[PDB]
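my_file.cif follows; it contains mmCIF, C-alpha atoms.
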```cif
data_work
#
loop_
_atom_site.group_PDB
_atom_site.id
_atom_site.type_symbol
_atom_site.label_atom_id
_atom_site.label_comp_id
_atom_site.auth_asym_id
_atom_site.auth_seq_id
_atom_site.Cartn_x
_atom_site.Cartn_y
_atom_site.Cartn_z
ATOM 1 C CA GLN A 3 5.025 13.066 -9.641
ATOM 2 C CA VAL A 4 4.828 10.827 -6.536
ATOM 3 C CA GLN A 5 1.963 8.320 -6.518
ATOM 4 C CA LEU A 6 0.796 5.976 -3.746
ATOM 5 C CA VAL A 7 -2.056 3.544 -4.548
ATOM 6 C CA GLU A 8 -3.837 1.435 -1.893
ATOM 7 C CA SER A 9 -5.870 -1.661 -2.716
ATOM 8 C CA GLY A 10 -7.571 -4.591 -0.998
ATOM 9 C CA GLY A 11 -10.416 -2.915 0.892
ATOM 10 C CA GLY A 12 -13.973 -4.213 0.960
ATOM 11 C CA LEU A 13 -16.753 -5.689 3.099
ATOM 12 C CA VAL A 14 -15.787 -8.383 5.623
ATOM 13 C CA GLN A 15 -17.467 -10.059 8.589
ATOM 14 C CA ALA A 16 -16.321 -9.838 12.205
ATOM 15 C CA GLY A 17 -13.417 -12.164 12.950
ATOM 16 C CA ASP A 18 -12.162 -12.160 9.349
ATOM 17 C CA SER A 19 -8.595 -11.383 8.274
ATOM 18 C CA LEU A 20 -7.654 -8.987 5.487
ATOM 19 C CA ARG A 21 -4.476 -7.937 3.676
ATOM 20 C CA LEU A 22 -4.067 -4.395 2.313
ATOM 21 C CA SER A 23 -1.290 -3.338 -0.030
ATOM 22 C CA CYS A 24 0.248 -0.053 -1.158
ATOM 23 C CA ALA A 25 2.241 0.487 -4.375
ATOM 24 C CA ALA A 26 4.536 3.495 -4.818
ATOM 25 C CA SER A 27 5.996 5.160 -7.910
ATOM 26 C CA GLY A 28 7.932 8.349 -8.548
ATOM 27 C CA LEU A 29 10.268 8.116 -5.543
ATOM 28 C CA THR A 30 13.347 6.159 -4.482
ATOM 29 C CA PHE A 31 11.333 3.678 -2.445
ATOM 30 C CA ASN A 32 14.051 2.223 -0.255
ATOM 31 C CA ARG A 33 14.961 5.620 1.281
ATOM 32 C CA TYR A 34 11.485 6.322 2.756
ATOM 33 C CA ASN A 35 9.670 5.424 5.927
ATOM 34 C CA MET A 36 6.256 3.991 4.922
ATOM 35 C CA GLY A 37 3.176 4.285 7.147
ATOM 36 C CA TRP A 38 -0.479 3.256 7.471
ATOM 37 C CA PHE A 39 -3.092 5.623 8.947
ATOM 38 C CA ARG A 40 -6.879 5.381 9.197
ATOM 39 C CA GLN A 41 -9.915 7.574 9.670
ATOM 40 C CA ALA A 42 -13.018 6.043 11.246
ATOM 41 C CA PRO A 43 -16.450 7.712 11.253
ATOM 42 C CA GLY A 44 -16.605 10.361 13.955
ATOM 43 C CA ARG A 45 -12.860 10.190 14.717
ATOM 44 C CA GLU A 46 -9.735 12.100 13.732
ATOM 45 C CA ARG A 47 -7.135 10.564 11.434
ATOM 46 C CA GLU A 48 -4.820 8.335 13.480
ATOM 47 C CA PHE A 49 -1.546 6.391 13.272
ATOM 48 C CA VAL A 50 -1.749 2.602 12.749
ATOM 49 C CA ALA A 51 1.773 1.371 11.905
ATOM 50 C CA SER A 52 5.063 2.336 10.297
ATOM 51 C CA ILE A 53 8.112 0.570 8.888
ATOM 52 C CA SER A 54 11.280 2.634 8.516
ATOM 53 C CA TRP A 55 13.815 2.408 5.698
ATOM 54 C CA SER A 56 16.091 0.527 8.104
ATOM 55 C CA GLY A 57 13.346 -2.031 8.772
ATOM 56 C CA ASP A 58 12.229 -1.163 12.310
ATOM 57 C CA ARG A 59 8.487 -1.506 12.920
ATOM 58 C CA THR A 60 6.387 0.816 15.099
ATOM 59 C CA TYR A 61 2.747 0.185 16.077
ATOM 60 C CA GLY A 62 0.004 2.485 17.340
ATOM 61 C CA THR A 63 -1.372 0.985 20.546
ATOM 62 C CA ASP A 64 -1.865 -2.350 22.313
ATOM 63 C CA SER A 65 -5.124 -2.557 20.319
ATOM 64 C CA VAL A 66 -3.001 -2.776 17.147
ATOM 65 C CA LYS A 67 0.282 -4.488 18.094
ATOM 66 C CA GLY A 68 -1.344 -7.876 18.731
ATOM 67 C CA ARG A 69 -3.577 -8.131 15.647
ATOM 68 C CA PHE A 70 -1.818 -6.251 12.812
ATOM 69 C CA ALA A 71 1.506 -6.828 11.027
ATOM 70 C CA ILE A 72 3.351 -4.490 8.640
ATOM 71 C CA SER A 73 6.031 -5.379 6.064
ATOM 72 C CA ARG A 74 7.710 -4.085 2.903
ATOM 73 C CA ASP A 75 9.072 -5.524 -0.364
ATOM 74 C CA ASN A 76 11.699 -3.071 -1.622
ATOM 75 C CA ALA A 77 12.205 -5.033 -4.865
ATOM 76 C CA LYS A 78 8.543 -4.401 -5.801
ATOM 77 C CA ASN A 79 8.006 -0.884 -4.345
ATOM 78 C CA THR A 80 5.149 -2.276 -2.232
ATOM 79 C CA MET A 81 4.206 -2.409 1.452
ATOM 80 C CA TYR A 82 1.503 -4.512 3.147
ATOM 81 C CA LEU A 83 -0.774 -4.473 6.201
ATOM 82 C CA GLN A 84 -2.032 -7.833 7.477
ATOM 83 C CA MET A 85 -5.113 -7.396 9.688
ATOM 84 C CA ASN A 86 -6.411 -10.276 11.836
ATOM 85 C CA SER A 87 -9.525 -10.702 14.029
ATOM 86 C CA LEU A 88 -11.241 -7.621 12.640
ATOM 87 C CA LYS A 89 -13.908 -5.898 14.750
ATOM 88 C CA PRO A 90 -16.705 -3.470 13.770
ATOM 89 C CA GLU A 91 -14.583 -0.712 15.341
ATOM 90 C CA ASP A 92 -11.974 -1.220 12.587
ATOM 91 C CA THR A 93 -14.400 0.132 9.929
ATOM 92 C CA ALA A 94 -12.505 3.075 8.368
ATOM 93 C CA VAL A 95 -10.671 4.469 5.344
ATOM 94 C CA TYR A 96 -7.048 3.252 5.424
ATOM 95 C CA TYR A 97 -4.338 5.499 3.942
ATOM 96 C CA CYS A 98 -0.803 4.736 2.802
ATOM 97 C CA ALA A 99 1.851 7.446 3.355
ATOM 98 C CA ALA A 100 5.590 8.090 2.823
ATOM 99 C CA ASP A 101 8.140 10.363 4.542
ATOM 100 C CA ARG A 102 11.934 10.575 4.790
ATOM 101 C CA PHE A 103 12.092 11.355 8.561
ATOM 102 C CA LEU A 104 8.792 10.884 10.439
ATOM 103 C CA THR A 105 7.510 7.749 12.228
ATOM 104 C CA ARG A 106 4.328 8.319 14.297
ATOM 105 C CA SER A 107 3.346 11.901 13.335
ATOM 106 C CA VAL A 108 0.428 12.434 10.938
ATOM 107 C CA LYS A 109 2.473 15.161 9.156
ATOM 108 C CA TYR A 110 4.001 12.798 6.497
ATOM 109 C CA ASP A 111 4.850 14.438 3.157
ATOM 110 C CA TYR A 112 3.082 12.074 0.687
ATOM 111 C CA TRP A 113 -0.386 10.424 0.826
ATOM 112 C CA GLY A 114 -2.497 7.978 -1.161
ATOM 113 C CA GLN A 115 -6.244 8.279 -1.770
ATOM 114 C CA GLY A 116 -7.238 5.564 0.740
ATOM 115 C CA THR A 117 -9.146 2.266 0.597
ATOM 116 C CA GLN A 118 -12.371 1.640 2.499
ATOM 117 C CA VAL A 119 -12.825 -1.270 4.937
ATOM 118 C CA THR A 120 -16.290 -2.077 6.339
ATOM 119 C CA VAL A 121 -16.675 -4.696 9.090
ATOM 120 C CA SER A 122 -20.188 -5.855 9.930
ATOM 121 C CA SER A 123 -21.438 -8.068 12.740
#
```

Mind turning the file's structure into structure tokens?
Amino acid sequence: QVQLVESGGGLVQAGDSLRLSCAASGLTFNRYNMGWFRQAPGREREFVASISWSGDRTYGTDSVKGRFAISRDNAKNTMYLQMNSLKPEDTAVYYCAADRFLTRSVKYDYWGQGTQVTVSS
């Protein structure tokens, strides 16, 4: 079956940087758009960033585009999210997802279990 596994979460302090990764198996990795979503306490699940199989990057808002960077390594079936200047508001569970057509919609076909990021001040 298809399997997406996130890692790299933990407890950081405000202003820190953090790199999350996502490893995929059971699909032909280079034919899928890959996306990061998050769910903060008291909020709905929301789009963070996406990188399509042709390499175009799409970001959620101005709150994200300046601080976060997304990339993929097709040779290793892995994608990464680099997060800089983290704030308490970024505390959330971060999910990796894959889909053959979608970009910003939360209705992607495949989902990982998520990794938890806590940011304290």

Checklist entry - Hey, what comes out of the PyMOL selection byres ((chain A and resi 112-116) around 10) on this file? Could you write it as a ChimeraX atom specification? => result /A:4-9,11,24-26,36-41,94-102,109-111,117-119

Checklist entry - Given the file above and the PyMOL selection byres ((chain A and resi 28) around 6), which residues are selected, and can you give them as a PyMOL selection string? => result chain A and resi 3-4+27+29

Item to check | Separation of atom CA of residue A:12 from atom CA of residue A:57, in Å and rounded to one decimal | outcome: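 Distance between the two atoms: 28.5 Å.
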
The PyMOL selection byres ((chain A and resi 32) around 6) resolved against shown file, as a compact mmCIF listing (two decimals) with C-alpha atoms, in the coordinates of the input:
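Here's the written file selection.txt:
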```txt
# COMPACT_ATOMS: atom_id res chain seq x y z
CA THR A 30 13.35 6.16 -4.48
CA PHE A 31 11.33 3.68 -2.44
CA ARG A 33 14.96 5.62 1.28
CA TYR A 34 11.48 6.32 2.76
CA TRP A 55 13.82 2.41 5.70
CA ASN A 76 11.70 -3.07 -1.62
```

Item to check | Top pick for closest residue to residue A:108, considering A:86, A:93, A:52, A:79 and counting only C-alpha atoms | outcome: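 For residue A:108, the nearest of the given residues is A:52.
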
Checklist entry - At what distance in Å, to one decimal, does atom CA of residue A:65 lie from atom CA of residue A:103? => result 25.1 Å

Checklist entry - Can you list, as a PyMOL selection string, every protein, DNA or RNA residue that comes within 8 Å of residue A:13 when you count only C-alpha atoms, leaving out same-chain residues fewer than 5 positions away? => result chain A and resi 119-122

Can you spit out the residues from that selection as a PDB file, in the frame of the given file, using C-alpha atoms?
```
ATOM      1  CA  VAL A 119     -12.825  -1.270   4.937  1.00  0.00           C
ATOM      2  CA  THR A 120     -16.290  -2.077   6.339  1.00  0.00           C
ATOM      3  CA  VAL A 121     -16.675  -4.696   9.090  1.00  0.00           C
ATOM      4  CA  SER A 122     -20.188  -5.855   9.930  1.00  0.00           C
TER       5      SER A 122
END
```

Checklist entry - Expressed in Å to a single decimal, how great is the separation between atom CA of residue A:22 and atom CA of residue A:74? => result 11.8 Å

Next on the checklist: Let me make sure I understand: among A:14, A:90, A:123, A:21, which one has the smallest atom-to-atom distance to residue A:72 if we use only C-alpha atoms?
Outcome noted: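 Of all the options, A:21 lies closest to residue A:72.
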
Checklist entry - Within 8 Å of residue A:20, counting all atoms listed in the file, which residues qualify if same-chain residues fewer than 6 places away don't, as a PyMOL selection string? => result chain A and resi 10+84-86

Checklist entry - Which residue, A:104, A:35, A:19, A:91, has the smallest gap to residue A:54 when you use all atoms listed in the file? => result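 Result for the nearest residue to residue A:54: A:35.
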
Item to check | Which of A:23, A:92, A:107, A:44 sits closest to residue A:80 [using all atoms listed in the file] | outcome: A:23

At a cut-off of 8 Å, using all atoms listed in the file, what residues contact residue A:106? Leave out same-chain residues fewer than 5 positions from it and give the result as a CSV table (one decimal) with C-alpha atoms, in the frame of the given file.
```csv
chain,number,residue,atom,x,y,z
A,49,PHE,CA,-1.5,6.4,13.3
A,51,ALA,CA,1.8,1.4,11.9
A,52,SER,CA,5.1,2.3,10.3
A,60,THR,CA,6.4,0.8,15.1
A,62,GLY,CA,0.0,2.5,17.3
```

If the box runs along x, y and z of the file and leaves 5 Å on each side of stretch 30-44 of chain A, what are its centre and edge lengths in Å, one decimal, as lines of an AutoDock Vina configuration file?
```
center_x = -0.8
center_y = 6.3
center_z = 4.7
size_x = 41.6
size_y = 18.1
size_z = 28.4
```

Item to check | Residues within 7 Å of residue A:88, all atoms listed in the file, excluding chain neighbours under 6 positions, as a list in words | outcome: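 So the residues in contact are residues 16, 17, 18 and 19 of chain A.
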
Expected file: the selected residues, C-alpha atoms, as a PDB file, keeping the file's coordinate frame:
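Done, and the output landed in selection.pdb:
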```
ATOM      1  CA  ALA A  16     -16.321  -9.838  12.205  1.00  0.00           C
ATOM      2  CA  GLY A  17     -13.417 -12.164  12.950  1.00  0.00           C
ATOM      3  CA  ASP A  18     -12.162 -12.160   9.349  1.00  0.00           C
ATOM      4  CA  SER A  19      -8.595 -11.383   8.274  1.00  0.00           C
TER       5      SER A  19
END
```
